[PDB]
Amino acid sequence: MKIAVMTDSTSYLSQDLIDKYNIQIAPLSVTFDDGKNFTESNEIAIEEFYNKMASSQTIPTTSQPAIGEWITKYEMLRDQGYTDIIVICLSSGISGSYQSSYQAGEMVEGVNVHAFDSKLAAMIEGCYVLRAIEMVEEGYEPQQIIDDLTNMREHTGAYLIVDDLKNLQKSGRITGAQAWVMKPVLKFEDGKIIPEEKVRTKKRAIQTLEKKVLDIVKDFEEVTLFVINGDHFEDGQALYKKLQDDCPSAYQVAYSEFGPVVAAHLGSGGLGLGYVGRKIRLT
């Protein structure tokens, strides 16, 4: 038994971790209104993406990995001698990437695929990859890893804000906000993005993100927090610095950013605060 762990590009793992653990990536893509298509990778300079998105009369659209891209990746890992593949996917609530990876796993011969619906995105999704790789090294079997990740998902969540709900509304990735067709605070709930509160200022929304999350993770035996920032540098920097001041060092507090595919749906000003009830290995 040789177990591989792979994921899609929206887990936004650093190239260092991808290189070190040889993590295969099924990439998602972005398509701009001038017909220019782009595949997600760390090669992309993210400020260049925000610039083109701001200079687009029409919001760009995104694509999940086609089912054939999952298949090709599964066959490559099988043909390298892997018998089992753990697949960490973007939330099934916002993308078909998981169901495609699931269906692709049924269709590929000679290797066992264990697709996992992270029910989130970005480096919070990435944390499931890093937990899976850690357990593989420790000798666990695929069902034990899927069981552990499922328990991890019960103590994992995220809150977030955006400058303008237009991008989420255009793509249909905000649920239950038909009345809004003030500053909204959103959260993930069973893999979908819903409104949580509405505050008067952006600064109060950022303080609200911290309070919501700290109130939750206070009861966890292990805590990892991720500040995941968009195109406004000082917003993520302000939240990250304040968390380092307000949290004990027993909390793991990390920083990351949104890639093009997620940025296309949030628009400018996206800022997330995510939590995992585990001490995830980030090295």
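Each residue number is its position in the shown sequence, starting from 1.
Coordinates are lacking for 4 to 9 deposited residues between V181 and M182. Comparing 123-131 with 193-201, the higher mean C-alpha B-factor in the PDB entry belongs to 193-201. Stretch comparison (269-277 versus 14-22) by mean CA B-factor in the PDB entry places 14-22 on top. Of the candidates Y50, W70, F38, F220, the PDB record gives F38 the highest C-alpha temperature factor. The entry assigns its greatest Cα B factor, within the set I94, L149, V111, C89, to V111. When the modelled residues of the chain are ordered by C-alpha B-factor, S101 sits in the lowest third. In the deposited entry, the Cα temperature factor of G230 places it in the lowest third of its chain's modelled residues. In this PDB entry, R78 carries a Cα temperature factor that places it within the highest third of its chain's modelled residues.
Among the modelled residues of its chain, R153 has a C-alpha B-factor that falls in the lowest third, as given in the PDB entry. Ranked against the other modelled residues of its chain, the C-alpha B-factor of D163 as given in the entry falls in the middle third.
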